[PDB]
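Below is one structure; the comments refer to it alone.
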Amino acid sequence: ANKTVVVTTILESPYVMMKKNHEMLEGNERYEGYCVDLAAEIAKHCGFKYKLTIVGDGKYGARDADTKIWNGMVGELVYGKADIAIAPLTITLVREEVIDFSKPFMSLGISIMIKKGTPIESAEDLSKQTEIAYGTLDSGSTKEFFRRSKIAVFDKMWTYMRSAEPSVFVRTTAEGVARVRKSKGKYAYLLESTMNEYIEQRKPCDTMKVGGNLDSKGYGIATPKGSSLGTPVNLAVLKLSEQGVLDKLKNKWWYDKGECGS
Ligand SMILES: CC(C)S(=O)(=O)NC[C@H](C)c1ccc(-c2ccc([C@@H](C)CNS(=O)(=O)C(C)C)cc2)cc1
Ligand SMILES: N[C@@H](Cn1cc(F)c(=O)[nH]c1=O)C(=O)O
């Protein structure tokens, strides 16, 4: 018999956010955002009931080098705590080896966020100077991109970041944004272009995305390897793309109510 599908996701704006009046509500109704809407669409097109859960450790998913244990949403799938992850979870090789990903539902690349007026236009710019500190989320695909890169500029950036004092790494996107906003132009934040573009249209309208993206990739909906949900979820993502629903939802959560003018 069909069983309610446990969805793991993460509190990351504008993907999943607690409604202001969440206390009046319960279950799935507590949350709103792009991935809440996407989860509803996927569930509708696959014919399942579901429960949204926020990942216990608040992480995306990395494997500990020593214990080989996966954390975050990836871990929740790997160890059978959740049936599906619907979140801004980047499709990566190391993850694909242990979980399944749908075709991507959103495109993104690593990007640079500055406080307005910061004299930085590119990654190369960052790499050639020391006055302005810069960093990434302390866990996830952005950090891994730099750790692994063999590209000269990116290698130079990683070599700087890994031993920077005090630390240039942050625990959450909100922390990186706060650091950019409060550091008077002396900190730049490396983050996914999707988050960057969202923040750029939020008050107090003091940040800017600069330069091209450093890579090009996508977020995918993840299931445990061999799960019966993999196929219908993938077909649903294809259908939603083709029917324009993904574009509509991106506009809804990024731009339709942007706070920094037109
Ligand atoms: C991890 C990488 C291999 S990757 O991210 O999967 N691809 C890399 C390559 C540069 C790239 C990167 C991003 C995209 C891309 C294109 C479209 C989308 C959405 C809007 C639709 N995805 S879809 O599969 O084409 C669709 C028919 C449902 C999402 C991602 C396509 C290709
Ligand atoms: N999507 C990433 C997590 N993640 C999120 C961000 F907002 C970011 O800037 N960098 C990053 O790695 C992942 O799946 O690891």
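Residues in the structure tokens are named by chain (A, B, ... in the order shown) and by number from 1 within that chain; ligands are numbered from 1 in the order shown.
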Tell me, counting only C-alpha atoms and all ligand atoms, for each residue of chain A within 8 Å of ligand 2, which pair of atoms is nearest and how far apart they are in Å to one decimal, in rows ordered by chain and increasing number, as JSON lines.
```
{"residue": "A:12", "atom": "CA", "partner": "ligand 2", "partner_atom_place_in_ligand_line": "7 (F)", "distance": 7.6}
{"residue": "A:60", "atom": "CA", "partner": "ligand 2", "partner_atom_place_in_ligand_line": "15 (O)", "distance": 5.1}
{"residue": "A:61", "atom": "CA", "partner": "ligand 2", "partner_atom_place_in_ligand_line": "15 (O)", "distance": 6.3}
{"residue": "A:62", "atom": "CA", "partner": "ligand 2", "partner_atom_place_in_ligand_line": "15 (O)", "distance": 7.8}
{"residue": "A:88", "atom": "CA", "partner": "ligand 2", "partner_atom_place_in_ligand_line": "1 (N)", "distance": 5.1}
{"residue": "A:89", "atom": "CA", "partner": "ligand 2", "partner_atom_place_in_ligand_line": "14 (O)", "distance": 3.6}
{"residue": "A:90", "atom": "CA", "partner": "ligand 2", "partner_atom_place_in_ligand_line": "14 (O)", "distance": 3.8}
{"residue": "A:91", "atom": "CA", "partner": "ligand 2", "partner_atom_place_in_ligand_line": "14 (O)", "distance": 7.0}
{"residue": "A:110", "atom": "CA", "partner": "ligand 2", "partner_atom_place_in_ligand_line": "9 (O)", "distance": 7.1}
{"residue": "A:136", "atom": "CA", "partner": "ligand 2", "partner_atom_place_in_ligand_line": "9 (O)", "distance": 6.6}
{"residue": "A:137", "atom": "CA", "partner": "ligand 2", "partner_atom_place_in_ligand_line": "10 (N)", "distance": 5.5}
{"residue": "A:139", "atom": "CA", "partner": "ligand 2", "partner_atom_place_in_ligand_line": "12 (O)", "distance": 6.5}
{"residue": "A:140", "atom": "CA", "partner": "ligand 2", "partner_atom_place_in_ligand_line": "15 (O)", "distance": 3.4}
{"residue": "A:141", "atom": "CA", "partner": "ligand 2", "partner_atom_place_in_ligand_line": "12 (O)", "distance": 3.9}
{"residue": "A:142", "atom": "CA", "partner": "ligand 2", "partner_atom_place_in_ligand_line": "12 (O)", "distance": 3.9}
{"residue": "A:143", "atom": "CA", "partner": "ligand 2", "partner_atom_place_in_ligand_line": "12 (O)", "distance": 6.2}
{"residue": "A:144", "atom": "CA", "partner": "ligand 2", "partner_atom_place_in_ligand_line": "12 (O)", "distance": 7.7}
{"residue": "A:172", "atom": "CA", "partner": "ligand 2", "partner_atom_place_in_ligand_line": "7 (F)", "distance": 7.6}
{"residue": "A:173", "atom": "CA", "partner": "ligand 2", "partner_atom_place_in_ligand_line": "7 (F)", "distance": 5.5}
{"residue": "A:190", "atom": "CA", "partner": "ligand 2", "partner_atom_place_in_ligand_line": "9 (O)", "distance": 6.4}
{"residue": "A:191", "atom": "CA", "partner": "ligand 2", "partner_atom_place_in_ligand_line": "9 (O)", "distance": 3.1}
{"residue": "A:192", "atom": "CA", "partner": "ligand 2", "partner_atom_place_in_ligand_line": "9 (O)", "distance": 4.1}
{"residue": "A:193", "atom": "CA", "partner": "ligand 2", "partner_atom_place_in_ligand_line": "9 (O)", "distance": 7.6}
{"residue": "A:194", "atom": "CA", "partner": "ligand 2", "partner_atom_place_in_ligand_line": "7 (F)", "distance": 7.8}
{"residue": "A:195", "atom": "CA", "partner": "ligand 2", "partner_atom_place_in_ligand_line": "7 (F)", "distance": 5.6}
{"residue": "A:196", "atom": "CA", "partner": "ligand 2", "partner_atom_place_in_ligand_line": "9 (O)", "distance": 7.9}
{"residue": "A:219", "atom": "CA", "partner": "ligand 2", "partner_atom_place_in_ligand_line": "1 (N)", "distance": 7.0}
```
- Message: Neighbours of ligand 1 at 7 Å or closer, counting only C-alpha atoms and all ligand atoms: which residues, as a VMD selection string?
- Response: chain A and resid 91 to 92 103 to 108 216 to 218 237 to 238 241 246
- Message: Can you pull out the residues contacting stretch 26-33 of chain A? Cut-off 12 Å, using only C-alpha atoms, and skip same-chain residues under 2 positions away; I want them as a PyMOL selection string.
- Response: chain A and resi 6-24+35-40+49-54+86-88+249-254
- Task: Can you list, as a ChimeraX atom specification, all residues belonging to stretch 76-117 of chain A that DSSP tags as helix (DSSP H, G or I)?
- Result: /A:76-78,93-96
Would you mind exporting N, CA and C atoms of the selected residues as a PDB file, in the first residue's frame?
```pdb
ATOM      1  N   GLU A  76      20.234  11.803   5.214  1.00  0.00           N
ATOM      2  CA  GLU A  76      18.875  11.352   5.497  1.00  0.00           C
ATOM      3  C   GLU A  76      18.368  10.376   4.452  1.00  0.00           C
ATOM      4  N   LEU A  77      18.713  10.604   3.188  1.00  0.00           N
ATOM      5  CA  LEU A  77      18.365   9.621   2.156  1.00  0.00           C
ATOM      6  C   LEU A  77      19.145   8.305   2.270  1.00  0.00           C
ATOM      7  N   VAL A  78      20.458   8.427   2.426  1.00  0.00           N
ATOM      8  CA  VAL A  78      21.352   7.273   2.447  1.00  0.00           C
ATOM      9  C   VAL A  78      20.975   6.307   3.561  1.00  0.00           C
ATOM     10  N   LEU A  93      29.115  14.714  -8.430  1.00  0.00           N
ATOM     11  CA  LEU A  93      29.561  13.354  -8.679  1.00  0.00           C
ATOM     12  C   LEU A  93      29.579  12.508  -7.411  1.00  0.00           C
ATOM     13  N   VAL A  94      30.178  13.031  -6.344  1.00  0.00           N
ATOM     14  CA  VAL A  94      30.284  12.234  -5.122  1.00  0.00           C
ATOM     15  C   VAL A  94      28.913  11.886  -4.562  1.00  0.00           C
ATOM     16  N   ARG A  95      27.950  12.782  -4.721  1.00  0.00           N
ATOM     17  CA  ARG A  95      26.598  12.477  -4.272  1.00  0.00           C
ATOM     18  C   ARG A  95      25.882  11.485  -5.189  1.00  0.00           C
ATOM     19  N   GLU A  96      26.040  11.667  -6.498  1.00  0.00           N
ATOM     20  CA  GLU A  96      25.381  10.812  -7.486  1.00  0.00           C
ATOM     21  C   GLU A  96      25.808   9.358  -7.320  1.00  0.00           C
TER      22      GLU A  96
END
```
May I have the residues within 6 Å of residue A:187 as an mmCIF file with N, CA, C and O atoms, in the first residue's frame, using only C-alpha atoms and disregarding those fewer than 2 positions away in the same chain?
```cif
data_model
loop_
_atom_site.group_PDB
_atom_site.id
_atom_site.type_symbol
_atom_site.label_atom_id
_atom_site.label_comp_id
_atom_site.auth_asym_id
_atom_site.auth_seq_id
_atom_site.Cartn_x
_atom_site.Cartn_y
_atom_site.Cartn_z
ATOM 1 N N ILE A 132 40.646 42.703 0.596
ATOM 2 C CA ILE A 132 39.280 42.230 0.755
ATOM 3 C C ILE A 132 39.266 40.727 1.009
ATOM 4 O O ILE A 132 39.725 39.954 0.170
ATOM 5 N N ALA A 133 38.754 40.328 2.165
ATOM 6 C CA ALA A 133 38.650 38.912 2.505
ATOM 7 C C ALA A 133 37.515 38.318 1.697
ATOM 8 O O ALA A 133 36.635 39.039 1.251
ATOM 9 N N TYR A 134 37.540 37.003 1.503
ATOM 10 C CA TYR A 134 36.445 36.337 0.817
ATOM 11 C C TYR A 134 36.349 34.883 1.216
ATOM 12 O O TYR A 134 37.369 34.246 1.528
ATOM 13 N N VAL A 180 28.967 40.239 4.517
ATOM 14 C CA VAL A 180 29.132 41.190 3.421
ATOM 15 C C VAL A 180 28.561 42.564 3.804
ATOM 16 O O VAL A 180 29.218 43.592 3.641
ATOM 17 N N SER A 183 30.663 44.375 6.756
ATOM 18 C CA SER A 183 32.123 44.447 6.732
ATOM 19 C C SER A 183 32.672 45.595 5.880
ATOM 20 O O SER A 183 33.860 45.640 5.563
ATOM 21 N N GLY A 185 32.686 46.528 2.814
ATOM 22 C CA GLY A 185 33.364 46.270 1.555
ATOM 23 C C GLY A 185 34.622 45.421 1.663
ATOM 24 O O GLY A 185 35.283 45.153 0.654
#
```
